[PDB]
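*Asks:* Shown below is the structure under consideration.
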Amino acid sequence: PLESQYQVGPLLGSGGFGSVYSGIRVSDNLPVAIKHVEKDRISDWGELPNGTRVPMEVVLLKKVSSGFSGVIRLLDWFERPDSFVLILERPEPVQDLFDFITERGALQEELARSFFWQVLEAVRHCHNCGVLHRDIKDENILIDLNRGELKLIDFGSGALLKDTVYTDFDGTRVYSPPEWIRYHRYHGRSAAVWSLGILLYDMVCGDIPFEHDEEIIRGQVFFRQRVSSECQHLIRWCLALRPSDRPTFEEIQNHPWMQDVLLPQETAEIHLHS
Ligand SMILES: OCc1nc2ccccc2[nH]1
Ligand SMILES: [Cl-]
């Protein structure tokens with residue numbers, strides 16, 4: 001019974017993902033996020049071992065549930081006549097990466113390296129659990145400000161990870177690869193690497209590199225801020241036009257720019273004021 005279990009606070013945000021409210025679990029005063037998604041707005045539907053029909057987002061979240069703090073944890077969910085309600089963990093204080101970059105501008109490379117590394121660990125965890133996120137971007141990354149820890153949110157555009165071709169997509173166009181733009185065809189990991197290149201450019205430059213299809217297709221990267229040669233190299237590698245020319249996750253984390261990463265707590269202390 002959702003009403004007696006949770007105390008609802010103010011709206012945190014709304015959009016393609018639904019409507020998300022601040023909340024508190026009444027039993028232990030635990031901070032939570034209460035996310036409502038209309039059934040009519042749900043694109044595709046998933047399984048669950050017991051065989052009840054839930055949104056794919058519920059399927060994906062349960063598959064990535066663990067002690068690992070790099071991905072948002074699904075605590076509970078309810079079905080209503082016209083909607084599903086998802087109870088998610090809530091770090092406090094928290095800020096999404098989009099608001100963070102909007103406020104601070106382009107990030108120092110040490111900060112970007114720490115953030116980007118944690119994103120890579122989170123995305124590797126998802127793939128490991130058979131989940132493809134499909135909407136990696138600044139707005140879908142939360143910063144636990146006290147701990148310096150990032151969390152992937154909004155799995156509502158995701159899919160079970162497969163090795164065959166995807167011919168469907170409903171994530172964010174400006175983070176989508178040229179093979180999707182040109183052919184409506186992409187493979188999971190190499191498309192994820194593309195979005196990671198877009199994200200990394202966004203962190204160090206303070207905005208995304210491409211706005212229009214023609215720019216995505218052309219793949220020419222211009223740096224508008226001063227960015228180190230090693231960071232530029234990594235970005236341009238992730239944003240290779242041919243999917244098979246893109247780095248693996250392993251090649252990204254072994255890249256010279258990625259070495260000597262700060263611990264999350266170190267990151268909080270130096271860059272988040274902690
Ligand atoms: O899907 C938007 C969303 N905002 C959140 C805030 C805290 C925790 C989880 C959240 N999910
Ligand atoms: Cl979420």
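Note on naming: chains are A, B, ... as they come in the structure tokens, residues start from 1 per chain, ligands start from 1 in the order shown.
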Would you please extract all helix (DSSP H, G or I) residues from stretch 17-152 of chain A, as assigned by DSSP on the backbone, and give them as a PyMOL selection string?
*Replies:* chain A and resi 39-41+56-64+97-104+109-128+138-140
*Asks:* Please list as a PyMOL selection string every residue within 8 Å of residue A:184, counting only C-alpha atoms and excluding residues in the same chain fewer than 5 positions away.
*Replies:* chain A and resi 167-168+179
*Asks:* Keeping C-alpha atoms for every residue in the selection just given, could you write it to a file as an mmCIF file, in the first residue's frame?
*Replies:*
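The result, stored in out_15.cif:
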```cif
data_model
loop_
_atom_site.group_PDB
_atom_site.id
_atom_site.type_symbol
_atom_site.label_atom_id
_atom_site.label_comp_id
_atom_site.auth_asym_id
_atom_site.auth_seq_id
_atom_site.Cartn_x
_atom_site.Cartn_y
_atom_site.Cartn_z
ATOM 1 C CA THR A 167 17.035 -1.184 -35.618
ATOM 2 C CA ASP A 168 15.084 0.732 -32.961
ATOM 3 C CA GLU A 179 25.145 4.639 -38.224
#
```
*Asks:* Give the residues close to ligand 1, within 7 Å, counting only C-alpha atoms and all ligand atoms; write them as a list in words.
*Replies:*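 Counting only what the definition allows, namely only C-alpha atoms and all ligand atoms, the set is residues 12, 13, 17, 20, 32, 33, 35, 72, 88, 89, 90, 91, 153 and 154 of chain A.
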*Asks:* Using only C-alpha atoms and all ligand atoms, which residues of the polymer chains come no farther than 12 Å from ligand 2? I'd like the answer as an NGL selection string.
*Replies:* :A and (12-21 or 32-37 or 57-58 or 60-62 or 64 or 71-75 or 77 or 85-90 or 96 or 133 or 135 or 139-142 or 151-158)
*Asks:* Closest to residue A:259 among A:65, A:43, A:52, A:114, using only C-alpha atoms?
*Replies:*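 Answer, going by the shortest atom-to-atom distance: A:114.
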*Asks:* Using only C-alpha atoms, which residues sit within 10 Å of residue A:215 once same-chain residues fewer than 6 positions away are excluded, as a PyMOL selection string?
*Replies:* chain A and resi 174+178+209+221
*Asks:* Within 12 Å of stretch 262-271 of chain A, counting only C-alpha atoms, which residues show up once you throw out same-chain ones fewer than 3 positions away? Write them as a list in words, please.
*Replies:*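 Listed by chain and then number, they are residues 69, 70, 100, 104, 107, 108, 109, 110, 111, 112, 113, 114, 115, 116, 117, 118, 119, 143, 144, 145, 146, 147, 148, 149, 150, 151, 258, 259 and 274 of chain A.
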*Asks:* Can you tell me which residues surround stretch 223-240 of chain A at a distance of at most 6 Å, considering only C-alpha atoms, apart from same-chain residues fewer than 2 positions away, and format the answer as a list in words?
*Replies:*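 Near neighbours after the sequence-gap exclusion: residues 193, 194, 197, 205, 242, 245, 246 and 257 of chain A.
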*Asks:* Store the residues picked out above in a file with C-alpha atoms, as a compact mmCIF listing (two decimals), in the first residue's frame.
*Replies:*
```
# COMPACT_ATOMS: atom_id res chain seq x y z
CA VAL A 193 31.07 4.16 -26.82
CA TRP A 194 29.92 6.89 -29.23
CA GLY A 197 32.65 10.25 -26.52
CA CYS A 205 34.12 21.60 -23.16
CA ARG A 242 33.16 3.41 -38.31
CA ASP A 245 37.23 1.75 -35.28
CA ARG A 246 35.92 2.72 -31.81
CA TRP A 257 44.32 10.04 -20.38
```
*Asks:* Any idea what the distance is between atom CA of residue A:137 and atom CA of residue A:8?
*Replies:* 27.4 Å
*Asks:* Taking only C-alpha atoms into account, which of A:55, A:177, A:243, A:256 comes nearest residue A:212?
*Replies:*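 Closest residue, counting only C-alpha atoms: A:177.
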*Asks:* When you draw a straight line from atom CA of residue A:272 to atom CA of residue A:25, how long is it in Å?
*Replies:*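 If I compute the distance from atom CA of residue A:272 to atom CA of residue A:25, I get 27.5 Å.
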*Asks:* Can you list, as a ChimeraX atom specification, every residue of stretch 29-270 of chain A that DSSP puts in strand (DSSP E or B)?
*Replies:* /A:30-38,45-46,54-55,71,74-79,83-89,94-96,131-132,141-144,149-152,159-160,166,186
